[PDB]
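A.B. asks: Top line first, the protein sequences correspond to chains A and B.
When we follow the working numbering, the leftmost residue of the first sequence carries the number 1, and every step to the right adds one.
When we follow the working numbering, the leftmost residue of the second sequence carries the number 221, and every step to the right adds one.
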Amino acid sequence: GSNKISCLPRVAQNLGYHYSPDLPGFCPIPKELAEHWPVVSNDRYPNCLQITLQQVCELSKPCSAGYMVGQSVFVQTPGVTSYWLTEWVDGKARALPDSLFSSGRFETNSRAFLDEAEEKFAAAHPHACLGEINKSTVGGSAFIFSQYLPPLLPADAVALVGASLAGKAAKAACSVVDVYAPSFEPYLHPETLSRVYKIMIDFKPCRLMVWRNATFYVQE
Amino acid sequence: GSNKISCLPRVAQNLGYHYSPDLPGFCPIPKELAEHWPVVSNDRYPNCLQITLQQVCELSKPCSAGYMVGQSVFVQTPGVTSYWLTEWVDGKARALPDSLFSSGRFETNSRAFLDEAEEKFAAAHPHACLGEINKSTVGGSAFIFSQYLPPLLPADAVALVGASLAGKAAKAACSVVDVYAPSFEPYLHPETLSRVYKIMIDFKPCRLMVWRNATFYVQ
């Protein structure tokens, strides 16, 4: 139909897939050339990324992520799969890497929690999630629901250069993200005090700083 | 008083020049301060990359390439020199490195052969003309004139060689080679079977693989 299932564009673009013959949120491409080009679509092409409601192969990857049906974006329902991805390479499916996913909260400009659990996850880890002020500089604020953030924000491990508490404190280079916060629990038990992990949000490579039982933030 | 002749800014930016008192394609800077910092300009300063319509001295580098007079960009008229480049360092001129250059088709929405000769050259070298990864093996196996490229080539999705991939995307869709194709000819006759020439496009270093009488591609 007119409205078809898609990922948040950057999920495919980080993967190398910038054009689509059918999906609206990407570059347009003629229906012929899609067979001779790496594209993102709902239909099967030899080199492509196939986005779909159902599963297609065993190597398909389910993503509990932000999504869009046609033009409008929608936030993720946390536990539930939003779409399966299937990376076709030379007319034969390939395994996708591991990655976390942005919830679609940035593009809807919503600063509210998805779950009750995530709300609990916020007050459990206040500094990282809710932010904190420390002598003319903002302390944490790693998430889109955090305070001291500006009215408007871009996308995917967003270095929102600016976090303010008016006439009091400010950090010039604060980094935030709209991923389901309790997805970070597995990385919050390092055997060392500090630990750095190479991760993917929306298939963009980025680091995750963690101090055990104190603070964390994703960082590009 | 003065015309505003200029290179495609990446040419100077790859050379490590970002400011200009006169030329509009760069970061502005006051003429007063032009003495005390490296600039790109049509005038001479103590430290400067001078651009001009004709040669200044023996060390001046003639460039047949895409250019711009003022704000507006022009495609290279192949055969003829577009501008001369003259690097000044502490008053004295310095020999610039050699380089290939981009023709300017990318930033004027063009997909055309500049010459009849270029159309011939692509016919003469079919393995740097059709395909993407089939005949050459860089990720961006694509001249800008290729049928196999998409009609649209926005900088945030495609990696113009000479420049970088724009925006936050991790992997580019491809890499567009927007450069007059017969200018590769000096590197097309190695004495060995394979050769990897260390070369420059717009003074940005890169490797050019050359399988003799077969194919070639920038990396």
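C-beta atoms are modelled at their ideal positions from N, C-alpha and C, and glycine is treated no differently.
How close, in whole Å, do the beta carbons of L269 (chain B) and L305 (chain B) come, if the pair is a contact with beta carbons under 8 Å?
C.D. replies: On the second sequence, position 49 is the one that residue 269 (chain B) refers to. On the second sequence, position 85 is the one that residue 305 (chain B) refers to. In this structure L269 (chain B) touches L305 (chain B) by the C-beta definition: roughly 6 Å separates them, less than 8 Å.
A.B. asks: Please report the straight-line C-alpha distance between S141 (chain A) and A390 (chain B), rounded to a whole angstrom.
C.D. replies: For the purposes of this step, residue 141 (chain A) is taken as residue 141 along the first sequence, with counting starting at 1. For the purposes of this step, residue 390 (chain B) is taken as residue 170 along the second sequence, with counting starting at 1. Their backbone Cα atoms lie some 25 Å apart in a straight line.
A.B. asks: Tell me the DSSP secondary structure of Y400 (chain B) in three-state form.
C.D. replies: In the second sequence, residue 400 (chain B) corresponds to position 180, counting from 1. Note: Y400 (chain B) maps to coil in three-state DSSP.
A.B. asks: How many angstroms separate the CA atom of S222 (chain B) from the CA atom of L316 (chain B)?
C.D. replies: In the second sequence, counting from the first residue as 1, residue 222 (chain B) sits at position 2. In the second sequence, counting from the first residue as 1, residue 316 (chain B) sits at position 96. When rounded, the distance between both Cα atoms is 25 Å.
A.B. asks: Starting from the beta carbon of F203 (chain A), find every residue of chain B whose beta carbon is closer than 8 Å, and list them in chain order.
C.D. replies: The residue you call residue 203 (chain A) lines up with position 203 of the first sequence. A390, listed in chain order.
A.B. asks: Output yes if chain A places a C-beta closer than 7 Å to the C-beta of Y368 (chain B); else output no.
C.D. replies: Start at 1 with the first residue of the second sequence, and residue 368 (chain B) comes out as number 148. Yes, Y368 (chain B) lies at the interface with chain A (some Cβ there is under 7 Å from its Cβ).
A.B. asks: Pull the bridge partners of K61 (chain A) from the DSSP assignment, please.
C.D. replies: Residue mapping note: residue 61 (chain A) aligns to position 61 of the first sequence, counting from 1. The secondary-structure analysis by DSSP pairs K61 (chain A) across a beta bridge with A:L85.
A.B. asks: Which same chain residues, not among the five before or five after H127 (chain A), have their C-beta less than 8 Å away from its C-beta?
C.D. replies: In the first sequence, residue 127 (chain A) corresponds to position 127, counting from 1. Hits under 8 Å: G139, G140, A214, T215.
A.B. asks: Under 6 Å: does the beta carbon of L235 (chain B) sit that close to some heavy atom of the ligand MN?
C.D. replies: Only the bare structure without any ligand can be found here, which leaves the ligand MN out of the picture.
A.B. asks: Cα separation between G70 (chain A) and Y83 (chain A)?
C.D. replies: Taking the first sequence and counting its residues from 1, one reaches residue 70 (chain A) at position 70. Taking the first sequence and counting its residues from 1, one reaches residue 83 (chain A) at position 83. When rounded, the distance between both Cα atoms is 14 Å.
A.B. asks: Report all residues from its chain with a CB closer than 8 Å to the CB of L350 (chain B); omit the five preceding and five following residues, and keep chain order.
C.D. replies: Translated into the one-based positions of the second sequence, residue 350 (chain B) becomes position 130. Cβ neighbours of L350 (chain B) beyond the five flanking positions: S366, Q367, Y368.
A.B. asks: Taking C-beta to C-beta, are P46 (chain A) and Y17 (chain A) nearer than 7 Å?
C.D. replies: Counting from 1 along the first sequence, the entry for residue 46 (chain A) is found at position 46. Counting from 1 along the first sequence, the entry for residue 17 (chain A) is found at position 17. For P46 (chain A) and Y17 (chain A), no; Cβs fall outside 7 Å.
A.B. asks: Would you please verify whether the beta carbon of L372 (chain B) is less than 7 Å from any beta carbon of chain A?
C.D. replies: The count along the second sequence starts at 1 and reaches residue 372 (chain B) at position 152. So, interface residue.
A.B. asks: Which chain B residues sit within Cβ distance under 7 Å of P38 (chain A)?
C.D. replies: Locating residue 38 (chain A) in the first sequence gives position 38, counting from the first residue. By Cβ distance, chain B contributes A393.
A.B. asks: Pair every Cβ in the segment 378-385 of chain B with every Cβ in the segment 421-431 of chain B, then say whether three or more of these pairs are closer than 8 Å.
C.D. replies: yes
A.B. asks: Taking contact to mean at least 3 C-beta pairs separated by less than 8 Å, is the segment 229-236 of chain B in contact with the segment 190-198 of chain A?
C.D. replies: no
A.B. asks: Using the beta-carbon count (16 or more within 10 Å), is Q76 (chain A) buried or exposed?
C.D. replies: To locate residue 76 (chain A), count along the first sequence from 1; it is residue 76. Result: buried.
A.B. asks: Buried or exposed for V309 (chain B), going by 16 or more other Cβ atoms inside 10 Å?
C.D. replies: Numbered from 1 along the second sequence, position 89 holds the residue referred to as residue 309 (chain B). Its Cβ having fewer than 16 others within 10 Å, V309 (chain B) is exposed.
A.B. asks: Take the Cβ of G324 (chain B) as the centre, count every other Cβ of all protein chains shown within 10 Å, and call the residue buried at 16 or more, exposed below.
C.D. replies: As a working mapping, residue 324 (chain B) is identified with position 104 in the second sequence. Buried, because 16 or more other Cβ atoms sit within 10 Å of the Cβ of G324 (chain B).
A.B. asks: Could you say which of A:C7, A:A155, A:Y187, A:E132 lies nearest to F74 (chain A) if we only look at CA atoms?
C.D. replies: The residue given as residue 74 (chain A) occupies position 74 in the first sequence. It is A:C7.
A.B. asks: By DSSP, does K340 (chain B) sit in helix, in strand, or in coil?
C.D. replies: Indexing the second sequence from 1 puts residue 340 (chain B) at position 120. Here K340 (chain B) sits in helix by DSSP.
A.B. asks: For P190 (chain A) versus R212 (chain A), is the C-beta spacing smaller than 7 Å?
C.D. replies: On the first sequence, residue 190 (chain A) is found 190 positions in, with the first residue counted as 1. On the first sequence, residue 212 (chain A) is found 212 positions in, with the first residue counted as 1. Result yes, Cβ atoms of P190 (chain A) and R212 (chain A) sit closer than 7 Å.
A.B. asks: Cβ of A377 (chain B) within 7 Å of Cβ of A393 (chain B)?
C.D. replies: Taking the second sequence and counting its residues from 1, one reaches residue 377 (chain B) at position 157. Taking the second sequence and counting its residues from 1, one reaches residue 393 (chain B) at position 173. In this structure, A377 (chain B) places its C-beta atom within 7 Å of the C-beta atom of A393 (chain B).
A.B. asks: For chain A, check one thing: does any of its Cβ atoms lie closer than 7 Å to the Cβ of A377 (chain B)?
C.D. replies: Start at 1 with the first residue of the second sequence, and residue 377 (chain B) comes out as number 157. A377 (chain B) counts as touching chain A.
A.B. asks: So, is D202 (chain A) buried or exposed, given that buried needs 16 or more other C-beta atoms within 10 angstroms?
C.D. replies: As a working mapping, residue 202 (chain A) is identified with position 202 in the first sequence. Answer is buried; the Cβ neighbour count reaches 16.
A.B. asks: What is the DSSP secondary structure of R105 (chain A), reduced to helix, strand or coil?
C.D. replies: Here residue 105 (chain A) refers to the residue found at position 105 of the first sequence. Helix.
A.B. asks: Compute the distance between the beta-carbons of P370 (chain B) and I5 (chain A), then report whether it is under 7 Å.
C.D. replies: Your numbering for residue 370 (chain B) matches position 150 in the second sequence. Your numbering for residue 5 (chain A) matches position 5 in the first sequence. In this structure, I5 (chain A) does not lie closer than 7 Å to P370 (chain B) by Cβ.
A.B. asks: Under the three-state reduction of DSSP, which class applies to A155 (chain A): helix, strand or coil?
C.D. replies: The count along the first sequence starts at 1 and reaches residue 155 (chain A) at position 155. If DSSP states are grouped into helix, strand and coil, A155 (chain A) belongs with coil.
A.B. asks: Can you tell which of A:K61, A:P62, A:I51 has the C-alpha that lies nearest to the C-alpha of residue 299 (chain A)?
C.D. replies: Lying before the first or after the last residue shown, residue 299 (chain A) is absent from chain A, which here runs from 1 to 220.
A.B. asks: Thinking C-beta only, is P182 (chain A) closer than 7 Å to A117 (chain A)?
C.D. replies: As a working note, residue 117 (chain A) is residue 117 in the first sequence. As a working note, residue 182 (chain A) is residue 182 in the first sequence. Yes; because the gap between Cβ atoms is below 7 Å, this pair is in contact.
A.B. asks: Which of helix, strand or coil does DSSP assign to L269 (chain B)?
C.D. replies: By 1-based counting over the second sequence, the position of residue 269 (chain B) is 49. It is a strand residue.
A.B. asks: For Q13 (chain A), return the contacting residues in chain B, with the cut-off set at a CB-CB distance below 9 Å.
C.D. replies: Residue mapping note: residue 13 (chain A) aligns to position 13 of the first sequence, counting from 1. Here the neighbours are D376, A377, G387, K388, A389, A390, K391, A393.
A.B. asks: Which two residues bound the contiguous beta strand (DSSP E) that contains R427 (chain B)?
C.D. replies: Taking the second sequence and counting its residues from 1, one reaches residue 427 (chain B) at position 207. Going by DSSP, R427 (chain B) is part of the beta strand (DSSP E) stretching over 424-431.
A.B. asks: Tell me the DSSP secondary structure of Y368 (chain B) in three-state form.
C.D. replies: Here residue 368 (chain B) is taken as the residue at index 148 of the second sequence, counted from 1. Residue state, collapsed to three classes: coil.
A.B. asks: Quick one: residues in its chain with C-beta nearer than 6 Å to the C-beta of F326 (chain B), no 5 flanking neighbours on either side, listed in chain order?
C.D. replies: As a first step, residue 326 (chain B) is located in the second sequence; it is residue number 106 there, counting from the start. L380, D398, listed in sequence order.
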